[PDB]
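Cβ: placed from backbone, ideal geometry, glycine included. Neighbour counts: every protein chain shown. Laboratory data are not the source of any read-out in this text; all were calculated from the coordinates shown.
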Amino acid sequence: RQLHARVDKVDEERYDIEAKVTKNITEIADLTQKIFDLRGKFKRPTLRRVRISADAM
Amino acid sequence: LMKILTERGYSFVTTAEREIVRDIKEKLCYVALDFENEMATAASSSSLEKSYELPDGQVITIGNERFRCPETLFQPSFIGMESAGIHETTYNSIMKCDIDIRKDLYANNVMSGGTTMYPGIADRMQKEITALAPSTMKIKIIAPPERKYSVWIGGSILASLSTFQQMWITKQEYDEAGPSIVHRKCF
C-alpha cells in the first residue's frame, strides 16, 4: 500500500514533469516562432531563384 | 511636354509623335533641386539645353522645358490640377497619422516607380518635406537603384512568400462567389 501511494504520487509526478517539459516545448515552439520571424526578416528575401531568364535567349 | 514643345515650334499630335514626346521626357528631363535658380540659368543660356534625335534625322532642342515639365510634380497647377504637389501629399500622409507613427514615417519616405529617377528628385523631396516638417526631426528618403522596377520585385517577393500562400483566391472560391470576391479576399 506504500507502493500504491507511491505510484499514485509518482504517476502524478511523471505526469507533472511531462507537463513541465510540455511547457518547455510549447515555449520552444512559441519563442522559436517569434525567432522564425526574427531570422525570416533576414533570410526570406533570398528564398528565390533569380536572374535565370535574363539572358539565356 | 507636348504643349510646351508646341510653344518652341515642334508640333506633336499623332500617335507616333505622342510616343516620341514620352521618349523625349524619359531621356532629357529632370526636376532640379532648386527650380527658380535652375530656370534662371536655363532660361538665359544654351549651356543648359539638350538636343534629342527625332527618328527621321531631325533634332529638337529643349531648354528650361526640360525641367518645367517634371516641375508639375511640385506644381500640378501646370496641368490644371488643384494640388500643392507630391511633397504636400507626402507631408499630409505623415501629418494625418498619430505622433507616435509620424517619427517613423518621416524617416522612411519611399520612392517607387518612375519619375523617381529624375535628377534632383530624391534630394528635392527630402528638402520639400523637411521644410514643412518640425525641426529636430529627421526626414529621410529611400530611393534604391531598383528604380521604376522595385514594385515588380515586390510582386515577386510577395507572390513567393510562405506568409502569402494563404492569401490566394482559389479557383473554387472564385467559381462559387464570382469576381466580387476579390474585395473580401485581397485587401
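Structure values in brief
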quantity: 30 Å Cα-Cα reach of residue B:50 towards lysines, excluding residues that sit fewer than 8 places from it in its own chain; calculated: B:3, B:25, B:27, B:127, B:148
quantity: Per-selection Kirkwood Rh - segment B:83-145 (Cα, Å, 1 d.p.); calculated: 11.9 Å
quantity: Gyration tensor (Cα) of segment B:57-187, equivalent ellipsoid semi-axes in angstrom; calculated: 34, 24, 16
quantity: With Cα atoms, 0 to 90° folded angle of helix B:150-159 axis to chain B main axis; calculated: 10 degrees
quantity: Residue order, fewest to most beta carbons within 10 Å, for B:130, B:15; calculated: B:15, B:130
quantity: The protein assembly as shown - charge dipole about Cα centre, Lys and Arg +1 at Cβ, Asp and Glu -1, debye rounded to 20; calculated: 780 debye
quantity: q = 0.07, 0.09 Å⁻¹, the protein assembly as shown: log10 I(q)/I(0) [Debye, one scatterer per Cα]; calculated: -0.47, -0.69
